[PDB]
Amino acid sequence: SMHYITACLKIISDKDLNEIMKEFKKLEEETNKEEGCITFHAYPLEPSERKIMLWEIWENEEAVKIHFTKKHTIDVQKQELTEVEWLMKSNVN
């Protein structure tokens, strides 16, 4: 069994998309090292969209919650660069 998540983030920051993506790449690098993370990948939609897409697979639902307690996650969060526009969760076995 695995917990799948696909989410689209709306960028509310006015910073450069490249600068923003660097933060997401660092986050991606650190969260892939989390024990409960099967996969985590972030990438930008077309520049004009000002959106970022997330592909995630976790060992379970708790892994997602644990993820948000990690300092590397909270560090990006404190920057208030985005907010979730839509998200779809699914348990796949």
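Note that residue numbering begins at 1 and tracks the sequence as displayed.
*Look up the CA B-factors in the entry and say which stretch, 68-76 or 11-19, has the higher mean.*
Stretch with the higher mean C-alpha B-factor: 11-19.
*Sorting the chain's modelled residues by C-alpha B-factor, tell me whether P47 ends up in the lowest, middle or highest third.*
It belongs to the highest third of the chain when residues are ordered by C-alpha B-factor.
*Modelled-residue ranking by C-alpha temperature factor, third containing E59*: Answer is middle: the recorded C-alpha B-factor places it there.
_Going by the CA temperature factor in the PDB record, which third of the chain does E35 belong to: lowest, middle or highest?_
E35: CA B-factor falls in the highest third of its chain.
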